[PDB]
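What follows is a set of notes on a single structure, which appears directly below.
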Amino acid sequence: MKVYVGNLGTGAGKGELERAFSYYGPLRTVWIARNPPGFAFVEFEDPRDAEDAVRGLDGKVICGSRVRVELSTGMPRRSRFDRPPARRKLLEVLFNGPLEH
């Protein structure tokens with residue numbers, strides 16, 4: 001799973017995102033982007049952990065840290081999402097109303 005944790009301009013960076021992500025669950029790995037003014041990336045071994053983490057952190061600041069968390073893949077939205085999210089498989093089964101009534 002891919003995670004995007006940016007918005008580091010208020011005492012919230014690697015340590016902040018680290019404690020948060022870790023608090024929610026054991027991720028795969030954490031990384032920070034020095035290039036940008038305040039952007040970091042995180043990898044979640046599992047999607048569930050990312051969904052709960054992102055939704056939580058993004059849904060509510062952490063210890064006074066309004067960090068910006070997002071999902072690169074595996075986050076189905078109703079918006080004009082171009083990138084195909086990884087929700088399920090769906091390929092072996094199919095149903096579109098074979099009955100002609």
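Here's how to read the names in the structure tokens: chain A, B, ... by the order shown, residue numbers from 1 in each chain, ligand numbers from 1 in the order shown.
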Any chance you could tabulate, as a tab-separated table, the residues of range 56-99 of chain A at most 9 Å from range 9-28 of chain A with each one's nearest atom pair and distance in Å to one decimal, using only C-alpha atoms, in chain and rising number order?
residue	atom	partner	partner_atom	distance
A:56	CA	A:24	CA	8.5
A:57	CA	A:20	CA	7.3
A:62	CA	A:20	CA	6.9
A:63	CA	A:16	CA	8.5
A:64	CA	A:12	CA	8.6
A:65	CA	A:12	CA	5.7
A:66	CA	A:12	CA	8.0
A:67	CA	A:12	CA	6.9
Could you name the residues that touch range 71-87 of chain A at 9 Å or less, counting only C-alpha atoms, but leaving out those on the same chain fewer than 6 positions away, as a PyMOL selection string? chain A and resi 1-5+47+50-51+54
Return as an NGL selection string the full set of residues in range 18-88 of chain A whose backbone-based DSSP assignment is alpha helix (DSSP H). :A and (18-24 or 47-59)
Okay, now the selection with C-alpha atoms, as a short mmCIF file (atom, residue, chain, number, x, y, z; two decimals), in the first residue's frame?
data_model
loop_
_atom_site.label_atom_id
_atom_site.label_comp_id
_atom_site.auth_asym_id
_atom_site.auth_seq_id
_atom_site.Cartn_x
_atom_site.Cartn_y
_atom_site.Cartn_z
CA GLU A 18 5.76 8.09 12.83
CA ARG A 19 4.00 8.12 16.21
CA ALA A 20 0.59 8.46 14.56
CA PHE A 21 0.98 5.73 11.94
CA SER A 22 2.62 3.47 14.52
CA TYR A 23 -0.09 4.20 17.08
CA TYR A 24 -2.75 3.08 14.60
CA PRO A 47 -4.45 -1.31 3.16
CA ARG A 48 -6.68 -1.60 6.23
CA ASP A 49 -3.99 0.05 8.36
CA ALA A 50 -3.70 2.82 5.78
CA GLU A 51 -7.46 3.38 5.57
CA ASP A 52 -7.81 3.67 9.34
CA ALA A 53 -4.62 5.70 9.71
CA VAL A 54 -5.32 8.13 6.86
CA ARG A 55 -8.99 8.50 7.77
CA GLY A 56 -8.00 9.01 11.40
CA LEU A 57 -5.06 11.40 11.08
CA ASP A 58 -6.65 13.28 8.18
CA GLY A 59 -10.06 13.04 9.83
#
One decimal, Å: what's the distance from CA of residue 45 in chain A over to CA of residue 69 in chain A, could you say? 16.2 Å
As a ChimeraX atom specification, please: every residue in chain A that a backbone DSSP assignment puts in strand (DSSP E or B). /A:2-6,29-33,39-43,68-71
Can I get the selection written as a PDB file, in the first residue's frame, with N, CA and C atoms?
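Okay, this is what ended up in selection-v3.pdb:
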ATOM      1  N   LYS A   2       0.353   2.322  -0.607  1.00  0.00           N
ATOM      2  CA  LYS A   2       1.078   3.584  -0.677  1.00  0.00           C
ATOM      3  C   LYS A   2       0.376   4.662   0.143  1.00  0.00           C
ATOM      4  N   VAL A   3       1.160   5.456   0.865  1.00  0.00           N
ATOM      5  CA  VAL A   3       0.612   6.525   1.690  1.00  0.00           C
ATOM      6  C   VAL A   3       1.353   7.836   1.453  1.00  0.00           C
ATOM      7  N   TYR A   4       0.626   8.945   1.537  1.00  0.00           N
ATOM      8  CA  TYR A   4       1.214  10.263   1.329  1.00  0.00           C
ATOM      9  C   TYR A   4       0.920  11.182   2.511  1.00  0.00           C
ATOM     10  N   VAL A   5       1.929  11.401   3.347  1.00  0.00           N
ATOM     11  CA  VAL A   5       1.782  12.261   4.516  1.00  0.00           C
ATOM     12  C   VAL A   5       2.641  13.514   4.387  1.00  0.00           C
ATOM     13  N   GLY A   6       2.000  14.634   4.064  1.00  0.00           N
ATOM     14  CA  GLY A   6       2.721  15.884   3.916  1.00  0.00           C
ATOM     15  C   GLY A   6       2.231  16.953   4.872  1.00  0.00           C
ATOM     16  N   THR A  29       7.041   0.889   6.088  1.00  0.00           N
ATOM     17  CA  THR A  29       8.204   1.764   6.167  1.00  0.00           C
ATOM     18  C   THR A  29       7.797   3.230   6.063  1.00  0.00           C
ATOM     19  N   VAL A  30       8.619   4.109   6.628  1.00  0.00           N
ATOM     20  CA  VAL A  30       8.346   5.540   6.597  1.00  0.00           C
ATOM     21  C   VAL A  30       9.488   6.303   5.937  1.00  0.00           C
ATOM     22  N   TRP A  31       9.143   7.358   5.206  1.00  0.00           N
ATOM     23  CA  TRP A  31      10.141   8.172   4.522  1.00  0.00           C
ATOM     24  C   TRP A  31       9.694   9.628   4.444  1.00  0.00           C
ATOM     25  N   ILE A  32      10.660  10.534   4.348  1.00  0.00           N
ATOM     26  CA  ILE A  32      10.364  11.960   4.265  1.00  0.00           C
ATOM     27  C   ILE A  32      10.952  12.570   2.998  1.00  0.00           C
ATOM     28  N   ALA A  33      10.302  13.614   2.494  1.00  0.00           N
ATOM     29  CA  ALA A  33      10.763  14.290   1.288  1.00  0.00           C
ATOM     30  C   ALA A  33      11.362  15.653   1.619  1.00  0.00           C
ATOM     31  N   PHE A  39       6.696  17.726   2.869  1.00  0.00           N
ATOM     32  CA  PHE A  39       5.986  16.566   2.344  1.00  0.00           C
ATOM     33  C   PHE A  39       6.725  15.275   2.685  1.00  0.00           C
ATOM     34  N   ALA A  40       5.971  14.256   3.083  1.00  0.00           N
ATOM     35  CA  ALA A  40       6.553  12.967   3.437  1.00  0.00           C
ATOM     36  C   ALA A  40       5.726  11.818   2.871  1.00  0.00           C
ATOM     37  N   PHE A  41       6.366  10.667   2.695  1.00  0.00           N
ATOM     38  CA  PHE A  41       5.691   9.491   2.159  1.00  0.00           C
ATOM     39  C   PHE A  41       5.813   8.309   3.116  1.00  0.00           C
ATOM     40  N   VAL A  42       4.771   7.487   3.168  1.00  0.00           N
ATOM     41  CA  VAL A  42       4.760   6.319   4.041  1.00  0.00           C
ATOM     42  C   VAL A  42       4.202   5.098   3.320  1.00  0.00           C
ATOM     43  N   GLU A  43       4.725   3.925   3.663  1.00  0.00           N
ATOM     44  CA  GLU A  43       4.278   2.681   3.046  1.00  0.00           C
ATOM     45  C   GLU A  43       3.629   1.765   4.080  1.00  0.00           C
ATOM     46  N   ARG A  68      -1.267  16.311   6.670  1.00  0.00           N
ATOM     47  CA  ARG A  68      -2.046  15.994   5.479  1.00  0.00           C
ATOM     48  C   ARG A  68      -1.740  14.581   4.989  1.00  0.00           C
ATOM     49  N   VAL A  69      -2.679  13.667   5.214  1.00  0.00           N
ATOM     50  CA  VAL A  69      -2.511  12.280   4.796  1.00  0.00           C
ATOM     51  C   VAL A  69      -3.415  11.949   3.613  1.00  0.00           C
ATOM     52  N   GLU A  70      -2.893  11.158   2.681  1.00  0.00           N
ATOM     53  CA  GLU A  70      -3.653  10.767   1.499  1.00  0.00           C
ATOM     54  C   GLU A  70      -3.297   9.347   1.068  1.00  0.00           C
ATOM     55  N   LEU A  71      -4.129   8.771   0.207  1.00  0.00           N
ATOM     56  CA  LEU A  71      -3.903   7.415  -0.283  1.00  0.00           C
ATOM     57  C   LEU A  71      -3.609   7.421  -1.780  1.00  0.00           C
TER      58      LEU A  71
END
Pairwise distance for CA of residue 8 in chain A and CA of residue 44 in chain A, rounded to one decimal in Å: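 Going from CA of residue 8 in chain A over to CA of residue 44 in chain A covers 19.6 Å.
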